[PDB]
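A look at the structure
Here's the letter readout for the chains.
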Amino acid sequence: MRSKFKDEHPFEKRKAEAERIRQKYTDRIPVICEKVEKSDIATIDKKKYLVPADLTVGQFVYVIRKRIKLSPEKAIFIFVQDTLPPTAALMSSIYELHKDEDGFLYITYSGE
C-alpha cells in the first residue's frame, strides 16, 4: 500500500509543490497516479497529473485507459485510499474528501 512518489520525495517539498500547483491552477486537481504492485496491467509513463476539477472519476479512468493504451475490452479499477470511488462523482468531490496531507490526491490503478 506504499507509494513510491511518497517515499522518494520528502513530505515538506511534496507539500510545498502541491500548494504551488494549487495556487497557479486554482481550477485543477494535482494527482499522483501509480500502479498497484501486483497487477498484470502495464505501468503508466507519467506519474503526476493536472486534472480538471469538473472531470468525473470515470472520465479520469478513460484518460488512464488511453495513456497506457489499454485495450478497450480490458478492465481497470481505480483506488483512492484503497476504496473504489464512484465514476459519476466529480474529482473535486473526491479531492476535498481524500486529499493527502501534502495536498496531492493519490490514486492507484489495478486490473482486478
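Residues numbered from 1 in each chain as written, not as in the entry; some residues may be left out. Heavy atoms only, no water.

Its PDB header attributes the entry to X-ray crystallography and lists the resolution as 2.50 Å.

1. Considering the pattern of salt bridges
Oppositely charged side chains can pair when the atoms bearing their charge come close. Under the criterion given, the structure shown has seven salt bridges. For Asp-7, the salt bridge is made with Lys-4, and the minimal N-O distance between the two is 2.8 Å. Residue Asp-7 and its partner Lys-4 are both found in helix α1 (residues 4-8); the two are separated by three residues, about one turn of the helix. One network of salt bridges, in which partners are shared, links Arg-2, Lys-4 and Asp-7. (Salt bridge = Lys/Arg side-chain N within 4 Å of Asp/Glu carboxyl O. Helix = DSSP H or I, 4+ residues; strand = E, 2+ residues; numbered from the N terminus.)

2. Quick notes on the nonpolar core
Note on soluble globular proteins: their nonpolar side chains tend to be buried together. Ranked by internal contacts, the top residues of the largest apolar core, which has 25 residues, are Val-31, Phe-60 and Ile-64. Counting residues per element, the ones that place at least two in this core are β1 (28-35), β2 (48-52), α3 (57-67), α4 (91-98) and β4 (105-110). Not counting the four nearest positions on each side in its chain, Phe-60 is found in contact with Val-31, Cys-33, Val-51, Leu-55, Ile-78, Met-91 and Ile-107. (Core = buried A, V, L, I, M, F, W, Y, C linked by side-chain atoms within 4.5 Å. Buried < 20%, exposed > 50% of the residue type's maximum accessible area, 1.4 Å probe, protein only. Contact = heavy atoms within 4.5 Å.)

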